[PDB]
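In what follows, a single structure is set out as structure tokens and then discussed.
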Amino acid sequence: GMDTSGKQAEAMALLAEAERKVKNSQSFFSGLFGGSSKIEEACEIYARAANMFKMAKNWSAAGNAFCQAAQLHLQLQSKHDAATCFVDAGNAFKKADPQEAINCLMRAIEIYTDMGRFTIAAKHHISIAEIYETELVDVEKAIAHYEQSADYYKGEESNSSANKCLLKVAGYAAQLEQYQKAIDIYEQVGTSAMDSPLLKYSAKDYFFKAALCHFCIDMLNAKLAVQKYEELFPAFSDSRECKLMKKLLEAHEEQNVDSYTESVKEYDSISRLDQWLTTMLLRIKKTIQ
Amino acid sequence: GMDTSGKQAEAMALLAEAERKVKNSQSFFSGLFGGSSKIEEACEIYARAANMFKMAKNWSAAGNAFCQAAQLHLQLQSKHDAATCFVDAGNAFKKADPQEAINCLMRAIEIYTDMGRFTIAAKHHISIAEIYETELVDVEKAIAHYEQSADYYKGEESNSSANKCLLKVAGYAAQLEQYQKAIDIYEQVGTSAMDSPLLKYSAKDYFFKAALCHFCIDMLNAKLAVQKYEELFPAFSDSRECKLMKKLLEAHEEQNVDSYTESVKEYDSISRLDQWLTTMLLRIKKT
Amino acid sequence: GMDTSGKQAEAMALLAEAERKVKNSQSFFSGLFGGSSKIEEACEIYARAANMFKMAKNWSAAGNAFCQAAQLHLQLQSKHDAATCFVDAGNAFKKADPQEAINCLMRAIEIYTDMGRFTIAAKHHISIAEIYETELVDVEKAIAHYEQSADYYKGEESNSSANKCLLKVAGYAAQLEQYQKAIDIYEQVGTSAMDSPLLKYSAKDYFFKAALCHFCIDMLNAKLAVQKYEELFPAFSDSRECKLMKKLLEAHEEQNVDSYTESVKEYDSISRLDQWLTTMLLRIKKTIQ
Amino acid sequence: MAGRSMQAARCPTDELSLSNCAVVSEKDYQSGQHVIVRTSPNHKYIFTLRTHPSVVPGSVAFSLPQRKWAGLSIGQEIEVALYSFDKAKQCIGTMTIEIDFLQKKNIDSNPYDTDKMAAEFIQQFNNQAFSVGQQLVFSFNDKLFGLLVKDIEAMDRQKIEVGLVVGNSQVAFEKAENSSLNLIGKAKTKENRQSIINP
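Residue numbers (the authors' numbering), protein chains in the order written: chain K, 0 to 288; chain L, 0 to 286; chain I, 0 to 288; chain E, 1 to 156, 169 to 211.
So, in structure tokens, the structure goes:
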């Protein structure tokens, strides 16, 4: 396309113009000492060239120009504008090179939490974690990033946001990490919604997830915990999950895999699985001996 | 009301005295060279007079005043103010004649991009995309705008907004019978929504539509594709969508036009269908 | 209330200071020069007092203070702040005495659409209509206001908000106004909703209402209207409402009160009727002869 | 001849309503003329004219049955042009008319002599235009009946789709399927009878 070719051609021209502008700016500072207008205008050229370059479908050099412009701008004691460019540069790198995007975003987060905005900093933390897990295969850093994010939301009483992330942290921890952290987070979040305005009849599932986690540990802890919820929360007594878990509890007691297999089969037929309960149930069945 | 149209004529006189304000640029700013603020207030009288037309429901005149005010104001300074005027002109031009609104919005897109503000630019890209659909008939240009808007959103991790934009693109592409693009988008969204708890219930619809698109090109590969979906997602079978498809494909093995007709009617007996689904089934099942 | 008593005490003190500030104003228009800044400070205290009245529960005084501050502010070649205070002055007047809230809003409407913005102006239009219908016993002006809001919305392509505005005005008009308009808007919205996948499942209700509006005038063209509707919308034949119409018109041709009354009762047995449709059915019944 | 725009009006008198004739003003037409009424490119309907002093010039009056058959509304603009029959081809030898009580309140089981029906029909509607599927109201011994034209045949045995009823036309009535009507006398078809016996 003509648009692309022309945009790249004028991209290089502007970049060359900016490079000669900065070198001449160094010469002019001693030569004439015009102040700082020379550098800031050169930054404007960098911003324009970078922003038109990204429109030209090319990304890597676009973010590189943003970082250079932000670096020079921060050299003149201006922080917020450079940090915004850092966020813009990191986002552009998201489809080019994750490592540079992560580094710049962390730079933006530290300066933002240096300015004093935590919702923005924690929002960036989610973005860092989301990219970290979606494409790169690793969990531990994601847990740390989310936990830090959950702390920042609670720092300003953003209960809903903190509730969601802590639930997300607990879920993955249960999947791979040990179960004690899952027990505390799942139990605390579930019991903290008994008087929800609209989520009143939703807290039930939270206790169900906890019950499975205790059952994964040992039988005695499974039953003891199951009762504790029965007295604590009366409505859980008449939940369909309560009957299912009781049926699974007594079935596993007598070592009859057929009862367990049919019990899970009927549950799946009545309502669908979630791809997370099935894995836990299969692992439970693996230790029936 | 009627007298506000009377002051609309006086507002045209306000533009007329704004014509004298540019007549100052013809001769009088030689001695008022420092009256750059005089040009600013000249633009201000333009703006308030520009919309005293926008009182009188004179869409064309209001748009003309906005565009003229923007052109005068964009003296290589206060660019964002000119951009606001340009988008306002496009918003005014939306009614009556939206043709020139496209050019003004495109100019605003260039300015916003130059400034680097993605979200506003991409949102305006959606606006020009939908006006094409609802007023004009070209769809390929709308597809290009949606693709560009989606790319801008995906850069800033606004996955959900880009997700819906791609979903609309896939549907239009499917209506334009380019199935490879449609299946790729539907598969990508389907496997991505299942990644997080908040959207795991929605995928069943995504997989069903994708299976139909696969089911249109190569029937033989459809059985392998549905098997791959079933094994990838163990919770895909009992859903009425999967059972219905399994019946349709197996029924087609034998030439019994009846078999499929009651099935689609029976499925329709529980809920109504959409133009997109009904049209695709009518076309595909013809052979 | 001691909190309100001291609140009113300081409120009076600010009024005395404000009375001294208008004295400052007149002494600075005729006695001194450059009072624009001094009266600007007077406006700040007027806003300072006016709002504090709004916290003192004295709504009427707060509205008066806002109006006085705005009208004084209009003289300084400034208009946006005039609009904000006009809207705030109205917001105070919505309760207690709302008659002057209409006048001030219309002025605020005049200024806003003397500035360049529609969606705010049209939003205030519908607000004026809503307050007019809820507390003033008159409907014709509501029709005009809804029509004006409809024109602004649909023009700006905000079709979604326009559709409901056109729907409500047409429905209300059917109650006390000739049904030709009711048919036109109902048909127009139904046809527009047909292509869109959003309202296609619910357009049958609009088609149902249009038939009822047409039936109330005469029978023969109503048969023409319904047959035309199902011809354009084949899936309207299976709708339970279509069967209800066919039974109703067939019974009415027979001039049998019992059959018509039991049929409508049978429909009422399932689901529920509404305040509007019941009146429509009674009105058509009364002229059965 | 070329055609002129006219406004549809209501029939002025009960007597003219039963004539099945479009009522016009003497200043515009003469009684007995036939016109073709146009409501759209695909809807052209033929009527016979009968003048009445009360019709305003520039308007054509129609009875309710005509408006229902013709899809005409009072006050609607129509195009009316004179129509001339080719009597060599458009005279009716036989028409089949479906008949039923107009008002259900006045239904009775008394016999009605079709031979007397046909003679009265000819006396009332001679030299008037009729079309297949046309609807009209017909009065007989002070009883109102709804009529529907089912078939038309030419005068002397060529079949035709449309014709003109004349004095010597012979009409045959056949009861509609699922009709308990008991018909006696001539002026009918009385088709064969498919016995239950097999060959």
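The beta-carbon is built from N, C-alpha and C at its ideal position, and this holds for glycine as well.
Residue-chain proximity (residue i, chain L), Cβ-Cβ < 8 Å
i	result
residue 90 (chain K)	yes
residue 126 (chain K)	yes
residue 260 (chain K)	no
CB-CB length for residue i against residue j, believed under 8 Å
i	j	result
residue 103 (chain I)	residue 92 (chain I)	7 Å
residue 119 (chain I)	residue 111 (chain I)	6 Å
residue 154 (chain E)	residue 175 (chain E)	6 Å
residue 15 (chain K)	residue 45 (chain K)	In fact, because the Cβ distance is near 12 Å, the residues do not count as touching under 8 Å.
residue 215 (chain L)	residue 283 (chain L)	5 Å
Length of the line joining the Cα atoms of residue i and residue j
i	j	result
residue 172 (chain E)	residue 105 (chain E)	37 Å
residue 66 (chain L)	residue 101 (chain I)	33 Å
residue 9 (chain I)	residue 3 (chain I)	10 Å
residue 217 (chain I)	residue 163 (chain I)	28 Å
residue 39 (chain E)	residue 7 (chain E)	11 Å
residue 264 (chain K)	residue 97 (chain K)	43 Å
residue 178 (chain K)	residue 193 (chain L)	24 Å
residue 34 (chain E)	residue 127 (chain E)	10 Å
residue 81 (chain I)	residue 135 (chain I)	27 Å
residue 142 (chain I)	residue 154 (chain I)	18 Å
residue 184 (chain E)	residue 258 (chain I)	38 Å
residue 138 (chain L)	residue 174 (chain L)	11 Å
residue 172 (chain I)	residue 182 (chain I)	11 Å
residue 70 (chain E)	residue 45 (chain E)	7 Å
residue 78 (chain E)	residue 37 (chain E)	7 Å
Residues bridged to residue i (per DSSP)
i	result
residue 99 (chain E)	E:147
residue 175 (chain E)	E:130
residue 63 (chain E)	The partner list for residue 63 (chain E) (beta bridge, DSSP) is empty, contrary to what the question assumes.
residue 78 (chain E)	E:6
residue 91 (chain E)	E:176
residue 51 (chain E)	E:24
residue 117 (chain K)	BP columns for residue 117 (chain K) are empty, so no partner.
residue 140 (chain E)	E:143
residue 45 (chain E)	E:37
residue 154 (chain E)	E:92
residue 135 (chain E)	E:148
residue 200 (chain E)	E:185
residue 83 (chain E)	E:34
Within chain E, partners of residue i - CB distance below 9 Å
i	result
residue 229 (chain I)	Within chain E, no residue comes near residue 229 (chain I); the closest Cβ sits about 17 Å away, beyond 9 Å.
Interface residues of chain L facing residue i [CB-CB closer than 9 Å]
i	result
residue 274 (chain K)	193, 199, 232, 233, 234
residue 277 (chain K)	233, 234
Interface flag, residue i vs chain I, CB-CB below 8 Å
i	result
residue 324 (chain L)	In this structure chain L extends from 0 to 286, so residue 324 (chain L) is not present and cannot be described.
residue 130 (chain L)	yes
residue 44 (chain E)	no
residue 68 (chain E)	yes
residue 87 (chain L)	yes
residue 54 (chain L)	yes
residue 271 (chain L)	yes
Chain K contact for residue i (CB, 8 Å cutoff)
i	result
residue 237 (chain L)	yes
residue 286 (chain L)	no
Below-8 Å beta-carbon distance, residue i vs any chain E residue
i	result
residue 219 (chain I)	yes
Chain-ordered neighbours of residue i on chain K, where CB pairs are closer than 7 Å
i	result
residue 113 (chain L)	47, 50, 51
Interface residues of chain I facing residue i [CB-CB closer than 7 Å]
i	result
residue 94 (chain L)	154, 155
Per-residue contacts from residue i into chain E (C-beta, under 8 Å)
i	result
residue 253 (chain I)	104
Amino acids of chain I, ordered along the chain, whose beta-carbon sits closer than 9 Å to that of residue i
i	result
residue 19 (chain L)	Within chain I, no residue comes near residue 19 (chain L); the closest Cβ sits about 19 Å away, beyond 9 Å.
Chain L residues whose Cβ lies nearer than 8 Å to that of residue i
i	result
residue 97 (chain I)	Here the premise fails: no neighbours, minimum Cβ distance about 22 Å.
residue 268 (chain K)	237
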